[PDB]
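First the structure, in the form of structure tokens, and then the observations on it.
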Amino acid sequence: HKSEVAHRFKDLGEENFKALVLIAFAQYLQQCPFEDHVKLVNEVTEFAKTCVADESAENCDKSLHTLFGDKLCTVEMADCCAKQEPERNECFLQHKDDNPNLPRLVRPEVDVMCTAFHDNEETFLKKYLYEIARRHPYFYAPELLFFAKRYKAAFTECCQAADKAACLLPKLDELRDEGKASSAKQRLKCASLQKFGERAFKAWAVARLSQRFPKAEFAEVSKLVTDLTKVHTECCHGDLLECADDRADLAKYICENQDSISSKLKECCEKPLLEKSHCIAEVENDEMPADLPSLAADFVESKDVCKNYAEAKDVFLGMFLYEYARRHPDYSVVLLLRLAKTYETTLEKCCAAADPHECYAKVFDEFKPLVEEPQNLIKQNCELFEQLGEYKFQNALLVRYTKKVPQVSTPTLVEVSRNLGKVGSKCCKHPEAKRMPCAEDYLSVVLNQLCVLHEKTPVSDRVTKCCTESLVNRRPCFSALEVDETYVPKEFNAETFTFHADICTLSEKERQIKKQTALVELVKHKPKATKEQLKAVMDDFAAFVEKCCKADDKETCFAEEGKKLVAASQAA
Ligand SMILES: [Zn+2]
């Protein structure tokens, strides 16, 4: 590398460069309007084109953070812009806002959108990136490019359809659902790297890829872990151009040699660049090879265990996890990492003592309770889900987690508990030998969100403990939280329980959030009421809404009949 800017302009290409730069600025300055970033991205692009012509031109020598940050600083920001590199980039990164409280964007009419798509395609698609990047500062940048590709394809197709709204809206809504999920899933990776370190990510990545590619050798898996670690490190540090290039190259590497890795990549490697990576990242598990011995020979019984461990602890323990993860796709990543830490801690205390086998021989016995514990949670909560349904299952978990940590803000409790309820719809449909991976690694994402949303405004000593103590053990920690006894009941507030005619016109998603926001506030006001008791109060609520939405005058029904609800409720 002689001049870093131009180099990335050739590798990635103008379309992707411009995109990735727009995403970079959007994530760092989330409050600034669209027209400002467009001007900055344009000026970097035009600048990069001079460096392509001449790598010896003025300022092309500078680093990408310097080039990016100087350009943002022509525009929170005033704090960071006082600084030099690299502390400025750390500032910018610290200043990322998870819930920026931008308005949930209202979509124009489909006829209006398809006009602007044809008349100004470049603008229309640029504004998509902008708006998603702004609300999801931790979004996997190369992924978001693929989202833009899908979003583009949607209009090319549905704008030339007989019915446009019937074509377009279910595609765009489906796409927004994936976005939120991807975003949350990626927010975990960054949190893992940034709060727990590069070992956490490396250990995570060994487990996940070993499960995925069991016919791959250890040395082959360890390479893909190094490459995948680098890619997310760079993406989570704001090196978006370098992340996307390195990710692209890890995809060409894999696809070149599927034989060394897996048999499931036949279809993925016959796809466009953006879609290619997505496919690999989300590929099914390859068939575990049949001729695999017991793990106990090399790792429990052998006479050179402490010898091979002491020679290379991270090599050896990486092999353990490799060997254990490749033959247990039924286990969750985070379950596997507990066992890798259980086996780690055994070898540290016991290689020291002069009787090594006597301790080390009965290690696998320690795993038994760690494997049953998640399986018990999934069997039980999926039972509950299948019995109630998503909405009521959310309502139950809402009561559960509010009773656990009633100090947490109501938007967070409601958003988290709602997303905890979605595990049921995602994972319980699958069979028992494929449930824990789905479920427990989803809960990792959703709990990380509680942690992240809570991190900025900490009001719960329990949530801080469970979030900080161990990345791997979080779900056990949170599950183990019994109902809080210290909590003083919050005093009745008439604004919280005064509802308006607005409720009738809303969506089914939007409607039930409001009702769930009440149910938390009920649990916050009256925490000693049972799960049965509260049902009867929310019963009367729903029927009150129902009759006032069929009213001639809706305004007056919601005001007058509403106060009789709060009177009758507060009594019981
Ligand atoms: Zn960086």
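Chain labels run A, B, ... following the order of the structure tokens; each chain numbers its residues from 1, and ligands are numbered from 1 in the order shown.
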
List as a compact mmCIF listing (two decimals) with N, CA and C atoms, in the first residue's frame the protein and nucleic acid residues near stretch 478-480 of chain A, meaning an atom at most 10 Å away when only C-alpha atoms are counted, but skip any in the same chain fewer than 2 places from it.
```txt
# COMPACT_ATOMS: atom_id res chain seq x y z
N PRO A 374 -29.78 -25.45 29.33
CA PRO A 374 -30.43 -24.78 28.19
C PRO A 374 -31.58 -25.59 27.59
N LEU A 377 -34.66 -25.04 29.44
CA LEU A 377 -35.26 -23.73 29.11
C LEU A 377 -36.04 -23.75 27.80
N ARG A 400 -42.55 -11.48 33.26
CA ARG A 400 -41.37 -12.12 33.83
C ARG A 400 -40.21 -11.13 33.99
N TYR A 401 -39.74 -10.59 32.87
CA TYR A 401 -38.53 -9.76 32.88
C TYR A 401 -38.72 -8.40 33.57
N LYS A 404 -38.31 -9.26 37.11
CA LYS A 404 -36.87 -9.49 37.31
C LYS A 404 -36.11 -8.19 37.58
N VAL A 405 -36.24 -7.24 36.66
CA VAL A 405 -35.45 -6.00 36.67
C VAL A 405 -36.37 -4.80 36.41
N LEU A 447 -30.49 -10.33 24.42
CA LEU A 447 -29.94 -9.90 25.70
C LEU A 447 -28.83 -8.88 25.53
N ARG A 462 -28.31 -5.38 38.71
CA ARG A 462 -28.40 -6.76 38.23
C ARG A 462 -28.10 -6.91 36.73
N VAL A 463 -28.62 -5.99 35.92
CA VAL A 463 -28.39 -6.02 34.47
C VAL A 463 -26.93 -5.72 34.14
N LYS A 465 -24.42 -6.45 36.15
CA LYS A 465 -23.67 -7.63 36.56
C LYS A 465 -23.71 -8.65 35.44
N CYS A 466 -24.93 -9.01 35.04
CA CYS A 466 -25.14 -10.03 34.01
C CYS A 466 -24.55 -9.68 32.63
N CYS A 467 -24.51 -8.39 32.31
CA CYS A 467 -23.95 -7.93 31.04
C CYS A 467 -22.42 -7.90 31.04
N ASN A 473 -21.83 -16.56 29.50
CA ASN A 473 -22.81 -16.94 30.54
C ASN A 473 -24.03 -16.02 30.74
N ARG A 474 -24.17 -14.97 29.93
CA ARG A 474 -25.27 -14.00 30.05
C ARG A 474 -26.66 -14.60 30.21
N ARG A 475 -27.07 -15.43 29.27
CA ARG A 475 -28.40 -16.02 29.33
C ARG A 475 -28.62 -16.83 30.63
N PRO A 476 -27.66 -17.71 31.01
CA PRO A 476 -27.84 -18.36 32.31
C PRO A 476 -28.03 -17.36 33.45
N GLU A 482 -34.17 -14.35 39.92
CA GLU A 482 -35.49 -14.47 40.55
C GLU A 482 -36.14 -13.09 40.69
N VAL A 483 -37.46 -13.07 40.93
CA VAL A 483 -38.25 -11.82 41.01
C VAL A 483 -37.70 -10.85 42.06
```

Can you write out as a Markdown table which residues of stretch 321-401 of chain A fall within 9 Å of stretch 426-442 of chain A, alongside each residue's closest atom pair and its distance in Å to one decimal, counting only C-alpha atoms and ordering rows by chain and ascending residue number?
```
| residue | atom | partner | partner_atom | distance |
| --- | --- | --- | --- | --- |
| A:329 | CA | A:437 | CA | 7.5 |
| A:330 | CA | A:433 | CA | 5.1 |
| A:331 | CA | A:437 | CA | 5.7 |
| A:332 | CA | A:437 | CA | 3.9 |
| A:333 | CA | A:437 | CA | 6.7 |
| A:334 | CA | A:441 | CA | 7.0 |
| A:335 | CA | A:440 | CA | 8.4 |
| A:374 | CA | A:436 | CA | 7.1 |
| A:375 | CA | A:436 | CA | 6.6 |
| A:378 | CA | A:436 | CA | 6.9 |
| A:379 | CA | A:432 | CA | 8.1 |
| A:381 | CA | A:428 | CA | 8.9 |
| A:382 | CA | A:428 | CA | 5.5 |
| A:383 | CA | A:428 | CA | 8.5 |
| A:385 | CA | A:428 | CA | 8.1 |
| A:386 | CA | A:428 | CA | 7.9 |
```

- prompt: What residues have any atom no more than 8 Å from ligand 1 when counting only C-alpha atoms and all ligand atoms, and can you list them as a VMD selection string?
  reply: chain A and resid 65 89 234 237 to 239

Would you export the selected residues with C-alpha atoms as a CSV table (one decimal), in the first residue's frame, please?
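Below is the file selection00.csv, written as the result:
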```csv
chain,number,residue,atom,x,y,z
A,65,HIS,CA,-9.5,7.8,9.3
A,89,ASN,CA,-12.1,7.9,15.8
A,234,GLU,CA,-12.4,-3.5,10.9
A,237,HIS,CA,-13.7,0.0,14.2
A,238,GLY,CA,-15.2,2.1,11.3
A,239,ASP,CA,-12.8,0.8,8.6
```

field: helix (DSSP H, G or I) call set, DSSP backbone run, stretch 315-443 of chain A, as a PyMOL selection string
entry: chain A and resi 315-326+333-350+356-360+364-366+368-388+390-404+410-427+432-443

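Excluding residue A:459 itself and same-chain residues fewer than 2 positions from it, the residues having an atom within 8 Å of it are residues 407, 408, 454, 457 and 461 of chain A, counting only C-alpha atoms.
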
Please produce a file of the residues just selected, as a JSON list (two decimals), in the first residue's frame, where the atoms kept are N, CA and C atoms.
```
[["chain", "number", "residue", "atom", "x", "y", "z"],
["A", 407, "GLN", "N", -36.52, -1.81, 37.25],
["A", 407, "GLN", "CA", -35.89, -0.50, 37.10],
["A", 407, "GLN", "C", -35.69, -0.07, 35.64],
["A", 408, "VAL", "N", -35.65, -1.04, 34.72],
["A", 408, "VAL", "CA", -35.35, -0.76, 33.32],
["A", 408, "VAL", "C", -36.49, 0.07, 32.71],
["A", 454, "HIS", "N", -29.29, -0.48, 27.85],
["A", 454, "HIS", "CA", -29.13, -0.18, 29.27],
["A", 454, "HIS", "C", -27.78, 0.46, 29.60],
["A", 457, "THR", "N", -27.61, 4.38, 30.00],
["A", 457, "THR", "CA", -28.40, 4.90, 31.12],
["A", 457, "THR", "C", -28.61, 3.80, 32.18],
["A", 461, "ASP", "N", -28.44, -2.61, 38.89],
["A", 461, "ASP", "CA", -27.20, -3.29, 39.29],
["A", 461, "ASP", "C", -27.15, -4.75, 38.81]]
```

query: From the set A:347, A:566, A:281, A:191, which residue has the shortest atom-to-atom contact distance to residue A:94, counting only C-alpha atoms?
result: A:191

field: residue A:445 environment, 10 Å, only C-alpha atoms, sequence neighbours closer than 5 positions dropped, as JSON, numbers by chain
entry: {"A": [181, 182, 183, 184, 185, 186, 187, 188, 189, 419, 420, 440, 450, 451]}

Per residue of stretch 58-77 of chain A within 9 Å of stretch 13-32 of chain A, what are the shortest atom pair and its distance in Å to one decimal, counting only C-alpha atoms, with rows by chain and residue number, as a Markdown table?
```
| residue | atom | partner | partner_atom | distance |
| --- | --- | --- | --- | --- |
| A:68 | CA | A:25 | CA | 7.8 |
| A:69 | CA | A:25 | CA | 8.9 |
| A:72 | CA | A:25 | CA | 7.0 |
| A:75 | CA | A:32 | CA | 8.6 |
| A:76 | CA | A:29 | CA | 8.6 |
| A:77 | CA | A:29 | CA | 7.3 |
```

Can you pull out the residues contacting residue A:310? Cut-off 12 Å, using only C-alpha atoms, and skip same-chain residues under 5 positions away; I want them as a PDB file with N, CA and C atoms, in the first residue's frame.
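Produced file selection.pdb, reproduced below:
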```
ATOM      1  N   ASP A 304       0.140 -37.339  27.122  1.00  0.00           N
ATOM      2  CA  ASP A 304       0.780 -36.078  26.731  1.00  0.00           C
ATOM      3  C   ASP A 304      -0.214 -34.904  26.660  1.00  0.00           C
ATOM      4  N   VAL A 305      -1.202 -34.897  27.559  1.00  0.00           N
ATOM      5  CA  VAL A 305      -2.244 -33.854  27.588  1.00  0.00           C
ATOM      6  C   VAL A 305      -1.652 -32.523  28.060  1.00  0.00           C
ATOM      7  N   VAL A 315      -3.462 -23.111  20.837  1.00  0.00           N
ATOM      8  CA  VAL A 315      -3.546 -24.165  19.813  1.00  0.00           C
ATOM      9  C   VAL A 315      -4.355 -25.356  20.333  1.00  0.00           C
ATOM     10  N   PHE A 316      -3.936 -25.893  21.477  1.00  0.00           N
ATOM     11  CA  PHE A 316      -4.553 -27.089  22.063  1.00  0.00           C
ATOM     12  C   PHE A 316      -6.027 -26.889  22.411  1.00  0.00           C
ATOM     13  N   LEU A 317      -6.329 -25.824  23.154  1.00  0.00           N
ATOM     14  CA  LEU A 317      -7.726 -25.514  23.522  1.00  0.00           C
ATOM     15  C   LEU A 317      -8.589 -25.112  22.324  1.00  0.00           C
ATOM     16  N   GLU A 344     -10.899 -25.772  30.109  1.00  0.00           N
ATOM     17  CA  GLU A 344      -9.729 -24.905  30.300  1.00  0.00           C
ATOM     18  C   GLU A 344      -9.358 -24.834  31.777  1.00  0.00           C
ATOM     19  N   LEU A 347      -7.697 -28.016  33.355  1.00  0.00           N
ATOM     20  CA  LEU A 347      -6.264 -28.190  33.028  1.00  0.00           C
ATOM     21  C   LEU A 347      -5.302 -27.204  33.726  1.00  0.00           C
ATOM     22  N   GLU A 348      -5.785 -26.020  34.110  1.00  0.00           N
ATOM     23  CA  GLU A 348      -4.942 -25.033  34.810  1.00  0.00           C
ATOM     24  C   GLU A 348      -4.623 -25.427  36.266  1.00  0.00           C
ATOM     25  N   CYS A 351      -2.826 -29.666  35.999  1.00  0.00           N
ATOM     26  CA  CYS A 351      -1.456 -29.847  35.490  1.00  0.00           C
ATOM     27  C   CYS A 351      -0.413 -29.388  36.529  1.00  0.00           C
ATOM     28  N   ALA A 352      -0.794 -28.431  37.381  1.00  0.00           N
ATOM     29  CA  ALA A 352       0.059 -27.959  38.480  1.00  0.00           C
ATOM     30  C   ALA A 352       0.342 -29.061  39.501  1.00  0.00           C
TER      31      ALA A 352
END
```

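Minimum atom-to-atom distance to residue A:212, evaluated using only C-alpha atoms, belongs to A:284 out of A:358, A:157, A:143, A:284.
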
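Shortest atom-to-atom contact with residue A:542 among A:1, A:511, A:215, A:127: A:511, counting only C-alpha atoms.
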
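Reported to one decimal place, the separation of atom CA of residue A:517 from atom CA of residue A:558 is 17.6 Å.
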
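By chain and then residue number, the residues within 6 Å of stretch 254-257 of chain A are residues 251, 260 and 269 of chain A, counting only C-alpha atoms and disregarding those fewer than 3 positions away in sequence.
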
Just-selected residues, C-alpha atoms written as an mmCIF file, in the first residue's frame:
```
data_model
loop_
_atom_site.group_PDB
_atom_site.id
_atom_site.type_symbol
_atom_site.label_atom_id
_atom_site.label_comp_id
_atom_site.auth_asym_id
_atom_site.auth_seq_id
_atom_site.Cartn_x
_atom_site.Cartn_y
_atom_site.Cartn_z
ATOM 1 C CA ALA A 251 -15.524 -15.207 -0.054
ATOM 2 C CA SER A 260 -10.997 -28.174 1.746
ATOM 3 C CA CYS A 269 -20.343 -19.697 -5.144
#
```

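Nearest to residue A:370 of all the residues A:202, A:313, A:349, A:341 is A:341, counting only C-alpha atoms.
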
field: Among listed residues A:96, A:418, A:303, A:368, nearest residue A:513 (using only C-alpha atoms)
entry: A:418

task: Find the residues around residue A:44 up to 9 Å (only C-alpha atoms counted), leave out those fewer than 2 positions away in its own chain, and share them as a PyMOL selection string.
output: chain A and resi 18+21+39-42+46-49+67-68+71
